[PDB]
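One chain comes next, on its own, written out as structure tokens in the form deposited in one PDB entry.
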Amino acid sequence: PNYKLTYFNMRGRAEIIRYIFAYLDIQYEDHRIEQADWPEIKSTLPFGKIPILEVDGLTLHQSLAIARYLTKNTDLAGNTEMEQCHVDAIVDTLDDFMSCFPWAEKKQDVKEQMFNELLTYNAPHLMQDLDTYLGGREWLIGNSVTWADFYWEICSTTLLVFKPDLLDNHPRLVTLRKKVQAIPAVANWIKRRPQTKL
């Protein structure tokens, strides 16, 4: 299958798709665009948003929708339909929280104040829920890695850019990040991927 992924030059909402392609050893074109080429591309898109994935010429949209499509019938999906539910739920929980950030805010002082308050109150609350949910287990769901573990490592990587000490009291969540980063297809991808802030 000929896969082509389109997004900005950043990890952002495309990174989960990139980890999945990497882990499943599926080749694809990692097409990254700059602001200048957005209006042209955007207009051809039914919903006007990226990422999009073209599969043998057919366009797919919605990053989590695409992530799930790529993990279908693989062990990254969750071993049972019940585990798949828990995987989807954790992914949505993380996405709901990531969506609270005013990423696009133009007023820098407002952006700073909002980031600080989300990182001071909400983030440590979520971290406790995540930590107790994982408990002393190896992975977030079941007994093998799922894309929910991937998403966690991805979201936390971005949160750590803004509050480096966020996981200072959560060694089990740090250990989870290290387990994910250590998967060889993931360690490789992380080494060769373009370096960007987000």
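From 1 onward, residues are counted along the sequence shown.
What follows is about the form deposited with a small molecule bound, which we do not show.
Picking from 171-179, 21-29, 5-13, 184-192 the stretch near the small molecule in the bound PDB entry, with a 4.5 Å limit on heavy atoms, gives 5-13. Mapping the unseen interface onto this chain, residue 98 counts among the residues with a heavy atom inside 4.5 Å of the small molecule in the bound PDB entry. Under a 4.5 angstroms non-hydrogen atom cutoff, the small molecule in the bound PDB entry lacks residue 143 among its neighbouring residues. Using a 4.5 Å cutoff between non-hydrogen atoms, residue 44 does not count as a contact of the small molecule in the bound PDB entry.
Contact annotation for residue 151: at least one heavy atom lies within 4.5 Å of the small molecule in the bound PDB entry.
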